[PDB]
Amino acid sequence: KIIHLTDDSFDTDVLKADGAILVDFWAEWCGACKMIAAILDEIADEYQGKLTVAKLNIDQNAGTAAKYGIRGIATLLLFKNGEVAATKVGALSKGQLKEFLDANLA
């Protein structure tokens, strides 16, 4: 149930979205990105109903990565109503991601 994002679809899929959206900004040559990838599916399943998880490859979608100042580093942005509600940069554990979501979701 993870949404695949492109520069083309970001507005519709994320900014014009209903409900909180967790966007994972990632790249292939990025080790922290793989640690985050490893835990996203479980998280998506556990927060179904109050969160949607999405991925944007920043090598293929340089437009949106530039807009949010990603600068090539593993980044999670939580979106609500077209705005960034919370930010996490770099690798983190299943536990730290649960904390992040629980602290920043209703």
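Don't overthink the numbering: it's just position in the shown sequence, from 1.
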{"item": "43 to 51 set against 25 to 33, stretch whose average Cα temperature factor tops the other in the entry", "value": "43 to 51"}
{"item": "Maximum C-alpha temperature factor, selected from 97, 89, 17, 86", "value": "17"}
{"item": "Entry-reported Cα temperature factor of residue 57, expressed as the chain third it lands in", "value": "lowest"}
{"item": "Third of the chain's Cα B-factor distribution that residue 103 belongs to, per the entry", "value": "middle"}
{"item": "Among modelled residues of the same chain, the CA temperature factor third for residue 75", "value": "lowest"}
{"item": "Residue 3 by Cα B-factor - lowest, middle or highest third of the modelled chain", "value": "middle"}
